[PDB]
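To start, the structure itself, in structure tokens.
So basically every Cβ, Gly included, is an ideal-geometry build from the backbone, and we count neighbours across all protein chains shown. Here, each number is a calculation from the coordinates, and none is a lab measurement.
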Amino acid sequence: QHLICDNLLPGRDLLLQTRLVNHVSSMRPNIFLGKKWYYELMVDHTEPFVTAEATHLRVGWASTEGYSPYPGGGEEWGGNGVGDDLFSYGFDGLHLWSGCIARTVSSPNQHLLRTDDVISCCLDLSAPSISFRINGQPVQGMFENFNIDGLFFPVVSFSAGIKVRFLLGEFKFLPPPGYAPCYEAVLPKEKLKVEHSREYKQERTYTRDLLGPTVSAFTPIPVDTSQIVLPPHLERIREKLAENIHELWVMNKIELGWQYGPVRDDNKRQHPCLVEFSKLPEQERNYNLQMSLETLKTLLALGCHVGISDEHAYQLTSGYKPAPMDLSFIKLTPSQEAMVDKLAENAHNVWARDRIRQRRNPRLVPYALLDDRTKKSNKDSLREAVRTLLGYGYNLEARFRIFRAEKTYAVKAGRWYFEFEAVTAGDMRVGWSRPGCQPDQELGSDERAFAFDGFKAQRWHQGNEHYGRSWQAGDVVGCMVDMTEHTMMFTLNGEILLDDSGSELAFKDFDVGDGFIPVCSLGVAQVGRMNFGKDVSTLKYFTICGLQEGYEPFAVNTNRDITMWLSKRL
Amino acid sequence: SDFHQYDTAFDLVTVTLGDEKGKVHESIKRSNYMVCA
Amino acid sequence: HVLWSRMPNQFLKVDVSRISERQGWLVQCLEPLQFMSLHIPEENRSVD
Amino acid sequence: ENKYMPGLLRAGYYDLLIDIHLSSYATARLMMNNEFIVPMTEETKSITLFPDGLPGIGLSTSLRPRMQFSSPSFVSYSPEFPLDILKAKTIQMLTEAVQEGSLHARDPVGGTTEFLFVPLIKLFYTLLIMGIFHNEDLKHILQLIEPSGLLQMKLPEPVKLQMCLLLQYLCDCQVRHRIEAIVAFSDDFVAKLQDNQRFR
């Protein structure tokens with residue numbers, strides 16, 4: 001018995017060695033970053049020992065494609081810093097992790113993460129300059145040469161009786177190394193909502209519902225318009241368009257009390273380009289001549305035929321007053337107004353590319369990601385420019401999740417029930433399967449799975465078979481195996497779905513093999529809940545159909561929850 | 001063992017130290033990992 | 001061994017008690033909760 | 001504490017906590033529960049013989065040698081553990097098992113009712129022998145079982161086998177209490193009798 005030990009047990013690697021680990025809670029504050037970036041963090045409570053463990057408090061960065069923090073379910077005892085996309089920091093003896101490697105960069109404090117410290121973080125775009133600070137004291141620059149795919153985000157992960165702080169802006173402390181605060185990318189349309197990081201689950205009111213998996217260098221670049229040839233057939237109509245685009249721009253100003261003046265001054269209400277398309281020369285009138293040529297070139301950029309289909313065809317102002325047409329009565333097509341958004345996008349990205357040189361003007365982003373008010377002035381220039389083409393008669397013509405319950409409850413006898421109350425619609429394959437279903441394949445795409453893509457209405461044994469209905473957001477699906485007469489029934493809010501062959505029984509005349517497992521799927525970004533008894537009153541349509549036909553909920557059996565499985569994105 | 005990159009590719013990793021400012025403290029490591037032709 | 005794309009993994013019956021805010025972003029998780037976890041040594045990775 | 005721990009694994013670790021820690025002092029007292037060597041002290045003199053029955057009357061004389069636990073240290077003999085943290089968990093575990101068993105849940109914690117009950121009661125019984133559960137905890141165990149319930153239930157084969165051995169020390173607690181009583185009589189009786197030994 002001594003001899004069994006020494007040859008086997010101190011070696012520690014032939015047996016399956018084990019150790020308790022605190023449940024790593026991972027987070028993220030909603031906001032992707034891909035310029036030089038910066039954020040801050042203060043600690044409020046730690047409790048460094050409430051277990052027989054130093055309670056962890058890791059701070060760093062991670063990518064979108066990569067870092068799926070399944071809780072403690074990756075490499076050696078899980079957690080933060082474990083990934084090659086993870087670069088964590090902050091602990092008893094502050095130093096970092098990279099692939100969970102506790103390399104030992106020193107500091108002017110060597111102090112534990114306690115209830116007092118202020119963590120100062122940084123990152124650059126295209127420069128991998130990541131180095132953090134405690135209370136604004138340099139911690140000896142660390143991180144270099146890492147790839148950038150997706151957009152990096154703050155992470156902070158920890159587990160004890162902890163409250164801490166971000167500081168994003170509502171700061172308390174901010175030196176400028178690198179620089180831009182993290183409040184700068186709150187802008188686009190999204191508000192901030194801090195979440196639990198990538199989250200196969202979420203804990204809700206009925207029981208826990210299912211989210212999976214996700215949907216993922218923002219530099220503004222226009223498409224080239226100068227390498228596009230306009231024939232002299234179209235140059236004359238373009239100069240007719242440039243003659244129309246100049247005087248409507250003259251009419252666009254003078255409604256606000258403007259007038260012609262040689263001094264180019266906006267406060268004095270005098271502008272040098274309100275006098276005619278002919279009298280302003282071809283560098284002063286080329287603000288309207290070249291912009292109507294490059295618009296019809298950008299029409300030929302996106303693959304559109306801007307050609308002769310029809311023959312080309314009031315407030316008195318203070319210096320020039322013609323009368324072109326009636327333009328907004330002729331209705332633009334949806335392909336034509338989309339090109340007006342394209343002319344708004346292509347021209348503004350030229351200015352965003354030209355202001356790469358020129359710090360950091362607040363509209364230095366692409367046209368799609370900026371706010372909708374700067375989108376109004378760029379579209380209304382190109383929506384009226386689209387009305388000059390239709391007014392003159394020129395037509396413009398333009399992975400997945402797998403869910404299954406506990407294999408012990410691969411039920412084998414009787415009439416059983418569960419339900420699928422469904423929240424968001426998409427690829428939602430719901431049903432039953434034998435335990436031999438490879439989650440490595442897509443769901444329902446074999447002989448061992450009896451599934452039902454709820455939305456799109458098609459049911460799944462060995463591929464397509466249409467059936468039933470497609471559910472609306474907030475419909476209970478309901479699945480009903482009869483183990484005796486080997487049939488399987490579907491409902492939709494307690495309303496039994498008929499075959500396209502003419503019967504209520506969905507999957508009919510299988511054989512009971514090795515039990516059957518309750519099975520659902522998720523597409524790209526869809527949400528669903530699987531309630532398996534436990535609260536028999538919350539079975540919303542088992543009361544209608546069910547109790548009558550003698551079906552069984554799951555947790556009539558149990559007193560515990562059913563711990564399901566999913567195939568990881570990892 | 002930490003590798004979850006299911007791509008058809010060359011994708012991936014160096015750490016530096018400091019000496020209270022640095023001044024070198026550069027060379028530590030490279031792997032993540034390895035590629036030939 | 002081949003890096004196959006996906007194999008089943010647990011629901012992890014109890015995980016998180018997260019709390020956060022807007023004006024100051026007061027991040028908070030409370031309950032001390034642990035794994036019954038091992039690691040297989042010779043193809044090293046950790047499972048529970 | 002683990003519920004979603006598998007059935008096989010449940011039985012193992014419960015056996016470890018016995019075999020790593022409890023087993024040696026447990027089997028130490030298995031021999032000595034049949035020995036019954038008692039002093040003639042005042043606490044031995046007192047014991048009542050009766051409720052003025054109850055097996056968990058802890059007047060707790062005759063020897064039954066004492067466990068002495070060495071802390072796990074690598075500077076160098078019975079490995080030490082939180083006995084008193086553990087004992088409260090076990091009553092917690094039983095009432096987690098009895099109540100869920102009496103409401104007839106077919107979850108059960110291991111996967112079968114075997115692994116639900118057996119290696120807990122084994123852990124209990126090994127802990128029962130070792131002279132723990134100060135004598136209001138055992139009254140709670142009798143409230144859990146007699147009731148004056150776990151024993152009421154249908155139990156499978158090796159389940160009730162373990163309950164059988166469980167019940168045996170309970171009968172042995174009746175036995176020692178009667179033996180501690182009869183010494184309480186005889187110490188009083190011989191002192192009367194030694195007077196009658198010397199009227200001569």
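Restricting the search to segment D:18-53, which residues are under 14 Å from the mean Cα position of the chain (by Cα) and assigned to a loop (DSSP other than H, G, I, E, B)?
Once the filter is applied, which keeps residues that are under 14 Å from the mean Cα position of the chain (by Cα) and assigned to a loop (DSSP other than H, G, I, E, B), segment D:18-53 yields only D:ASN33.
Among residues belonging to segment A:101-150 that are among the hydroxyl-bearing types (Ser, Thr, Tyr) and in a loop (DSSP other than H, G, I, E, B), point out the one that is farthest from the other protein chains (Cβ to nearest Cβ).
Here the residue is A:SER126.
One line per residue, one yes/no per condition, for (1) touching a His at 6+ places or on another chain (Cβ under 8 Å); (2) within 14 Å of another protein chain (Cβ to nearest Cβ); (3) farther than 30 Å from B:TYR6 by Cβ; (4) crowded, with 19+ Cβ neighbours inside 10 Å:
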site	(1), (2), (3), (4)
A:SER470	no, no, yes, no
A:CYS479	no, no, yes, yes
A:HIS486	no, no, yes, no
A:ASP499	no, no, yes, no
A:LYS508	yes, no, yes, no
A:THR538	no, no, yes, no
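Out of (1) surrounded by 13 or more Cβ atoms within 10 Å (Cβ to Cβ); (2) away from chain C (no Cβ under 14 Å); (3) assigned to a loop (DSSP other than H, G, I, E, B), the odd one out for D:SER73 is which?
Single failed check for D:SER73: (1).
Determine if segment A:53-72 includes at least one residue that is aromatic (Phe, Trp, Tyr), crowded, with 21+ Cβ neighbours inside 10 Å and under 26 Å from A:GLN137 (Cα atoms).
yes
Kindly provide the set of residues from segment A:107-118 that are farther than 15 Å from A:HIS56 by Cα and either touching a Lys or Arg at 6+ places or on another chain (Cβ under 7 Å) or of a type outside the set (D, E, K, R) (or both), ordered by number.
A:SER107, A:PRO108, A:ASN109, A:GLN110, A:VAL118
Would you be able to tell me the number of residues in segment A:511-565 that are closer than 19 Å to A:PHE450 by Cα, under 34 Å from the mean Cα position of the chain (by Cα) and in a loop (DSSP other than H, G, I, E, B)?
Selection size over segment A:511-565: 3.
Out of all the residues in segment A:163-176, which are within 20 Å of A:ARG114 (Cα to Cα) and either crowded, with 22+ Cβ neighbours inside 10 Å or not hydrophobic (A, V, I, L, M, F, W, C) (or both)?
Matches in segment A:163-176: A:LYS163, A:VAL164, A:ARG165, A:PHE166, A:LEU167, A:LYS172.
Can you pull out every residue in segment A:412-436 that is outside any strand (DSSP E or B) and either aromatic (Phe, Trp, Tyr) or over 23 Å from A:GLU447 (Cβ atoms) (or both)?
Of everything in segment A:412-436, those that are outside any strand (DSSP E or B) and either aromatic (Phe, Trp, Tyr) or over 23 Å from A:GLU447 (Cβ atoms) (or both) turn out to be A:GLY414, A:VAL423, A:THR424, A:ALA425, A:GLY426.
If a residue must be in contact with a strand residue (DSSP E or B) (Cβ under 8 Å, 6 or more places away or on another chain) and closer than 24 Å to A:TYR67 by Cα, how many such residues does chain B contain?
7
Residues in segment C:1-21 that are at the interface with chain A (Cβ under 7 Å from one of its Cβ atoms) and assigned to a loop (DSSP other than H, G, I, E, B): how many?
Total satisfying the criteria: 11.
Can you tell me how many residues within segment B:4-28 are within 30 Å of C:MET7 (Cβ to Cβ) and more than 7 Å from every other protein chain (Cβ to nearest Cβ)?
5
Going through segment A:153-192 one residue at a time, which ones are in a loop (DSSP other than H, G, I, E, B) and at the interface with another protein chain (Cβ under 8 Å from one of its Cβ atoms)?
The answer is A:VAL156, A:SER159, A:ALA160, A:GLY161, A:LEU168, A:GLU170, A:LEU192.
Restricting the first residue to segment A:50-67 and requiring it to be in a strand (DSSP E or B), which pairs with a second residue that is small (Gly, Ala, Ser) meet a Cβ separation below 6 Å and a spacing of at least six or different chains?
Pairs that qualify, where the first residue is in a strand (DSSP E or B) and the partner is small (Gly, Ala, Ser), are A:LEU57/A:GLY90; A:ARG58/A:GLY81; A:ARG58/A:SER88; A:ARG58/A:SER157; A:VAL59/A:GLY90; A:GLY60/A:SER88.
Being crowded, with 16+ Cβ neighbours inside 10 Å, under 22 Å from A:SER197 (Cα atoms) and under 24 Å from the mean Cα position of the chain (by Cα): is that true of A:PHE91 here?
No; evaluated as a whole, the condition is false for this residue.
Would a scan of segment A:482-491 turn up a residue that is within 36 Å of the chain's Cα centre (by Cα), within 22 Å of A:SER433 (Cα to Cα) and assigned to a loop (DSSP other than H, G, I, E, B)?
Yes, segment A:482-491 contains at least one residue that is within 36 Å of the chain's Cα centre (by Cα), within 22 Å of A:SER433 (Cα to Cα) and assigned to a loop (DSSP other than H, G, I, E, B).
A:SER98 is checked against (1) within 9 Å of chain B (Cβ to nearest Cβ); (2) surrounded by fewer than 24 Cβ atoms within 10 Å (Cβ to Cβ); (3) touching a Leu at 6+ places or on another chain (Cβ under 9 Å) and fails just one. What number does that condition carry?
With (1) within 9 Å of chain B (Cβ to nearest Cβ); (2) surrounded by fewer than 24 Cβ atoms within 10 Å (Cβ to Cβ); (3) touching a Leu at 6+ places or on another chain (Cβ under 9 Å) applied to A:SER98, the lone miss is (2).
With (1) away from chain C (no Cβ under 14 Å); (2) surrounded by 15 or more Cβ atoms within 10 Å (Cβ to Cβ); (3) of a type in the set (A, V, I, L, M, F, W, C) as the list, and A:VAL556 as the residue in question, which single condition is left unmet?
Evaluating A:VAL556 over (1) away from chain C (no Cβ under 14 Å); (2) surrounded by 15 or more Cβ atoms within 10 Å (Cβ to Cβ); (3) of a type in the set (A, V, I, L, M, F, W, C) leaves (2) as the failure.
Test each condition in (1) aromatic (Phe, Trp, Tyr); (2) touching a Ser or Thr at 6+ places or on another chain (Cβ under 6 Å); (3) away from chain B (no Cβ under 14 Å) for A:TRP77 and report the one that comes out false.
(3)
Let's see how each residue does on (1) assigned to a helix (DSSP H, G or I); (2) of a type outside the set (A, V, I, L, M):
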position	(1), (2)
D:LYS87	yes, yes
D:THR90	yes, yes
D:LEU94	yes, no
D:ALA97	yes, no
D:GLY101	yes, yes
D:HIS104	no, yes
D:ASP107	no, yes
D:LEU116	yes, no
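Output the number of the condition that A:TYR39 fails; it satisfies all remaining conditions of (1) aromatic (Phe, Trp, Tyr); (2) part of a strand (DSSP E or B); (3) away from chain C (no Cβ under 14 Å).
A:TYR39 satisfies all of (1) aromatic (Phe, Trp, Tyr); (2) part of a strand (DSSP E or B); (3) away from chain C (no Cβ under 14 Å) except (3).
Could you list, in sequence order, the residues of segment A:132-162 that are touching a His at 6+ places or on another chain (Cβ under 9 Å), surrounded by 17 or more Cβ atoms within 10 Å (Cβ to Cβ) and either under 26 Å from A:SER68 (Cβ atoms) or of a type in the set (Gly, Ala, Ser) (or both)?
A:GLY141, A:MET142, A:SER157, A:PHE158, A:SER159, A:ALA160, A:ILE162
I need the full set of residues from segment A:255-272 which are under 48 Å from the mean Cα position of the chain (by Cα) and part of a loop (DSSP other than H, G, I, E, B), in order please.
A:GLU255, A:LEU256, A:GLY257, A:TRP258, A:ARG264, A:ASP266, A:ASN267, A:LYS268, A:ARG269, A:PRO272
Is at least one residue of segment A:199-218 within 14 Å of chain B (Cβ to nearest Cβ), under 29 Å from A:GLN110 (Cα atoms) and loosely packed, with under 14 Cβ neighbours inside 10 Å?
No: segment A:199-218 contains no residue that is within 14 Å of chain B (Cβ to nearest Cβ), under 29 Å from A:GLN110 (Cα atoms) and loosely packed, with under 14 Cβ neighbours inside 10 Å.
Going residue by residue through segment C:24-31, is there one that turns out to be of a type in the set (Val, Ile, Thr), under 26 Å from B:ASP2 (Cβ atoms) and either at the interface with another protein chain (Cβ under 7 Å from one of its Cβ atoms) or in a strand (DSSP E or B) (or both)?
Checked against the condition, which is being of a type in the set (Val, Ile, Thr), under 26 Å from B:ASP2 (Cβ atoms) and either at the interface with another protein chain (Cβ under 7 Å from one of its Cβ atoms) or in a strand (DSSP E or B) (or both), segment C:24-31 yields no hits at all.
Would you check if A:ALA451 is of a type outside the set (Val, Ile, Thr) and surrounded by fewer than 20 Cβ atoms within 10 Å (Cβ to Cβ)?
The answer is no for A:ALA451.
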